[PDB]
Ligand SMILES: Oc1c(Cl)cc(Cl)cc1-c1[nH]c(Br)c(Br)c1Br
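In structure tokens, the next block holds one chain alone, the form solved without this ligand.
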């Protein structure tokens, strides 16, 4: 049994190494220790001091450099006896304080033990290197094991959810939180791997298709940002579906709004979506001539950020892997070829250069890029040129050809690019779901992988929606861990004094999405239909409603175009430029009419299939992106409320994507804003189990521990 064999790989990579006689000596020491700050300006930098004396209310301890200091017992962060260092479940610690919890994660992380329980939920600290704990042999070890029978692991919480699903006949979710780069997408994939394996299984083709969906989604929906070389730029909820017997019967991917803006613009050092680099690196021979391709430096949409490759990644090899996944999932050769024509066409569109005509209207003097795009998309270049520079609109009921200047023509060309790419992405997910989901499900385990909290030098509308999604997820953790839990204790009247755990994201949520008094998204929508609005009237309206009024909002003194939201994970300043256009998300109807006539069978579907190309109305206006965002988030939250949730908190070790480098302030900020210590305390002080060290409740008896 590998669990008990100290030579096994399980022991070697998932268990705390045996300590030596010198460590034994230290472990039976009668000395006692304290975690203190050498510099009180930096509360997160701790050293260990020996406690050398005490009074009824203070400790005196030695500092690393010697000099003795005193501290009130009520302010003291005592160090755990060292037999606790490496403990698998931190609810076992005697002293529950910040430096002690960090220390335990630190000891485990120093020996590549990245998973640790923190009471009821799992903490996963990103190793930023490969650790061989996800093999089939590891999978087989965890299969069917109760949590306290095996070491902490993403496989274990996955098995727990799978047995709860069987035993309780109840849908489950696995909610994996974390800032950008923390490990959500990798851990998501391990949960899927594990479930596909243990739920069977000779009848392996579906399981393979499920796994192969990922390189396709990542190639199109992930990109290098400053926070993650493989940042997810869309959120997803993956439903792994099981028949009533408990075997996997299918899967279905719910994808959320994609950051289409990245197709046309990337900040310094970032990349566009991986697929563009994969194509240009990995085509073939006649693909490059058939698609009129050259290198990334030759395309405006890839030559701006100064970064065309990612250390340790071969875009040409990844292209082979993406195509191989497209084959396995079932995309035809003609379908793959049309997918790449659309990628190539986008890049050609981005190389159109509009310039000033005799008058204010733009003209196109060099049509090389226009012609190449039109060739690959299968559209008429003269019709496309006219739809870009001279689109027709109604003015009242009259039909009037506009003549757009350079800036507007360029923006319209970008709008067409973003629509093509976002619609292609939706089409990819739809095609995948049609393959993966071929049976009605009895049960599901849903795994949520959102885009993680992020802060850049410039934060725009996309960042506010990403960070709001993260705030809402933290609140769902707070609701589950603290608020519902104490609501039960009351509904049962069990002698329980309510405890304020001081974690409540409600104020920030009402600021962003309040109705009600109206929050930020509601005012954005109101401005979006006001004929006379500008990004400046919008910011003025926000300040008017919130400045010196809402405690989570800040009107900054250093800028007239930004506002601050105090999120659970820190304040973010948001630049208002282009918000009304991003929210309206316009696309000239003459461009749509041009692409509806495409000779290409995939392009034609992107523009004629209503599930892909149609947009809902609200009154006399198309539904705004903020409204679409809210519908998606509301649908997710409604789904989660039907499941029994399991939480995995991914923690990034530093801001440099490096292994073996824990950064104290970075880690501790996450431990605080994630509510990890509060989560351990409720576990310890509360009454985790109730049917039908104790309380007799009105209709159940509640159990502690044990």
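Numbering follows the first chain given and starts at 1.
K.L.:
What number of residues from the deposited sequence go unmodelled in the gap from residue 532 to residue 533, classed as none, 1 to 3, 4 to 9, or 10 or more?
P.N.:
None; the chain is continuous from residue 532 to residue 533.
K.L.:
Per the record, how many residues of the deposited chain fall between residue 692 and residue 693 without being modelled: none, 1 to 3, 4 to 9, or 10 or more?
P.N.:
In the deposited sequence, 10 or more residues between these two have no coordinates.
K.L.:
Highest mean C-alpha temperature factor of the two stretches 193 to 201 and 535 to 543, which is it?
P.N.:
Looking at the record's C-alpha B-factors, the answer is 193 to 201.
K.L.:
Between 380 to 388 and 323 to 331, which has the higher average C-alpha B-factor in the PDB entry?
P.N.:
The deposited B-factors put 323 to 331 ahead on the C-alpha mean.
K.L.:
Could you say which of 500, 98, 554, 471 has its CA atom at the highest B factor, as listed in the PDB entry?
P.N.:
The record points to 500.
K.L.:
According to the Cα B-factor stored in this entry, which of the following is highest: 630, 227, 493, 260?
P.N.:
Out of 630, 227, 493, 260, the record gives the largest C-alpha B-factor to 493.
K.L.:
According to the PDB entry, is the CA B factor of residue 318 in the bottom, middle or top third of its chain, that is, lowest, middle or highest?
P.N.:
For residue 318, the deposited C-alpha B-factor lands in the middle third.
K.L.:
Pull the Cα B-factor of residue 279 out of the PDB entry and bin it into the chain's lowest, middle or highest third.
P.N.:
Middle third - that is where residue 279 ends up once the chain's C-alpha B-factors are sorted.
K.L.:
Thinking about Cα B factors across the chain, which third does residue 504 belong to?
P.N.:
Its C-alpha B-factor, which the entry lists for residue 504, ranks in the highest third among residues of this chain.
K.L.:
Considering only modelled residues of the same chain, in which third does the CA B-factor of residue 81 rank: lowest, middle or highest?
P.N.:
Middle third - that is where residue 81 ends up once the chain's C-alpha B-factors are sorted.
K.L.:
Using the B-factor values recorded in the entry, state whether the Cα atom of residue 651 falls in the lowest, middle or highest third among the modelled residues of its chain.
P.N.:
Lowest third, going by the recorded CA B-factors of the chain.
Keep in mind that the form solved in complex with this ligand is not shown, yet the notes after this line are about it.
K.L.:
Answer for residue 585 alone: is it within 4.5 Å of this ligand in the deposited bound form, judged on heavy atom distances?
P.N.:
Yes - in the deposited bound form, heavy atoms of residue 585 and this ligand come within 4.5 Å of each other.
K.L.:
At 4.5 Å between heavy atoms, is residue 592 in contact with this ligand in the deposited bound form?
P.N.:
Heavy-atom contact with this ligand at 4.5 Å: present for residue 592.
K.L.:
So in the deposited bound form, is this ligand close enough to residue 419 to count as touching (4.5 Å, heavy atoms)?
P.N.:
Although this ligand is absent here, residue 419 would touch it in the deposited bound form, with heavy atoms inside 4.5 Å.
K.L.:
I'd like to check something about residue 260: if you look in the deposited bound form, is any of its heavy atoms closer than or equal to 4.5 Å to a heavy atom of this ligand?
P.N.:
So residue 260 counts as contacting this ligand.
K.L.:
Work out which of 612, 82, 435, 166 lies within 4.5 Å of this ligand in the deposited bound form, going by heavy atoms.
P.N.:
Going through each option in turn, the one that passes is 612.
K.L.:
Which residue among 423, 341, 567, 108 has a heavy atom within 4.5 angstroms of this ligand in the deposited bound form?
P.N.:
Filtering the options by heavy-atom distance leaves 423.
K.L.:
At 4.5 Å between heavy atoms, only one of the stretches 411 to 419, 191 to 199, 362 to 370, 497 to 505 reaches this ligand in the deposited bound form; which one is it?
P.N.:
Every other range fails; the passing one is 411 to 419.
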